[PDB]
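Coming up is one lone chain in structure tokens, specifically the form deposited without the DNA.
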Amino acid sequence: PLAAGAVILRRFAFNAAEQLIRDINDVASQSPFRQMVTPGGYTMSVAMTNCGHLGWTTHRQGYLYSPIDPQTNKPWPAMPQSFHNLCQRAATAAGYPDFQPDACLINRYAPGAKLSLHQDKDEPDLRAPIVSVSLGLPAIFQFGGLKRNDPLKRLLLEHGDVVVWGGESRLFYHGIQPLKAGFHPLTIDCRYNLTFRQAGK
């Protein structure tokens, strides 16, 4: 395997993509995309929003999952059907039939935007996989191992690609390299990524 515990499903979301993007726009109409500030004080180049019961966000100089969007003071929008159903099909195919995400982080990349190498290890149950769905322009995804200094590997993620990151891979350090400019007929000039998480207890 390229990554222990990971299941790559290329073009799995290709047919669903137009609906998924419509639903991204619907979510963003309620909880807008925003570029969050890191604890180090830097404005992220990736713009974000969330849907589901919980949303990943900065709050009081840390990160956490919150039921309320701090920008609107309202709940994050409910998980769209298209999101829920796509995630469940992917997770089930990959051997995680009980995966029940309560958070979906929606990342938007303009040309040049990047995501610095990091782990997601603050979720209560690290046995639950993350399901990652790529839409629009292609991006180079980098991933290493459980330690920051483990060797990095790189994989192009293209429109409609889904990866279910389970087992050990769930805790790999990962990031996205600066997005190359281009054109995609459904997203125009950007990439979106959905990451479904079980963030609740």
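Residue numbers run from 1 along the displayed sequence. Between two forms, the rigid core is defined as the largest C-alpha subset superposing within 1.5 Å.
Trainee: Comparing against the shown form in 4 other deposited structures of this protein, which stretch has the larger RMS C-alpha deviation after a rigid core superposition, 117-125 or 80-88?
Mentor: Output: 117-125, the stretch lying farther off on average in 4 other deposited structures of this protein.
Trainee: Which is farther from the shown form in 4 other deposited structures of this protein in C-alpha RMS with the core fitted, 22-30 or 57-65?
Mentor: When 57-65 and 22-30 are compared in 4 other deposited structures of this protein, 57-65 lies farther out.
Trainee: Would you mind comparing 83-91 and 116-124 for me and telling me which has the higher average C-alpha temperature factor in the entry?
Mentor: Taking the mean B-factor of the alpha carbons in each, 116-124 is higher.
Trainee: Look over 103-111 and 68-76 in the entry and identify the one with the greater average Cα temperature factor.
Mentor: Higher mean C-alpha B-factor in the PDB entry: 68-76.
Trainee: Of the options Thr58, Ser132, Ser45, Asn50, which has the highest CA B factor as deposited?
Mentor: Spelled out: the listed residue with the top C-alpha B-factor is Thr58.
Trainee: Per the PDB entry, which option out of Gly40, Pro138, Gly166, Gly160 has the greatest Cα B factor?
Mentor: Of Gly40, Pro138, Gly166, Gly160, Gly40 has the highest C-alpha B-factor.
Trainee: Name the third of the chain's ranked CA B-factors that contains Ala28, choosing lowest, middle or highest.
Mentor: Middle third, going by the recorded CA B-factors of the chain.
Trainee: Against its chain's modelled residues, does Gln19's Cα B factor rank lowest, middle or highest third?
Mentor: Its C-alpha B-factor, which the entry lists for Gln19, ranks in the middle third among residues of this chain.
Trainee: Looking at the entry's B-factor column for C-alpha atoms only, identify whether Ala199 ranks in the lowest, middle or highest third of its chain.
Mentor: As the PDB entry reports it, the C-alpha B-factor of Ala199 lands in the highest third of its chain.
Trainee: Compared with the other modelled residues in the chain, in which third is the CA B-factor of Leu152?
Mentor: For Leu152, whose C-alpha B-factor we compare with every modelled residue in the chain, the answer is the highest third.
Trainee: According to the PDB entry, is the CA B factor of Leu54 in the bottom, middle or top third of its chain, that is, lowest, middle or highest?
Mentor: Tercile = middle for this residue's CA B-factor.
One more form of this protein should be noted, the form deposited with the DNA bound, which is absent from this view; the next part is about it.
Trainee: Of 131-139, 22-30, 161-169, 59-67, which is the one stretch near the DNA in the entry with it bound, taking non-hydrogen atoms within 4.5 angstroms as near?
Mentor: It is 59-67 that comes within 4.5 Å of the partner.
Trainee: Quick one: does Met79 come within 4.5 Å of the DNA in the entry with it bound, counting heavy atoms only?
Mentor: No, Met79 is distant from the partner.
Trainee: With the cut-off set at 4.5 Å between non-hydrogen atoms, does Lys114 touch the DNA in the entry with it bound?
Mentor: Result yes; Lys114 sits at the interface with the DNA in the entry with it bound.
Trainee: I'd like to know whether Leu86 contacts the DNA in the entry with it bound, with contact meaning heavy atoms within 4.5 angstroms.
Mentor: Contact with the DNA, no.
Trainee: Going by a heavy atom distance of 4.5 Å, is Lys74 a contact of the DNA in the entry with it bound?
Mentor: Outside the cut-off, so no.
Trainee: Heavy atom within 4.5 Å of the DNA in the entry with it bound: which residues of 33-58 qualify?
Mentor: Contacting residues: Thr38, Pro39, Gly40, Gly41, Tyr42, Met44, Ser45, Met48, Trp56.
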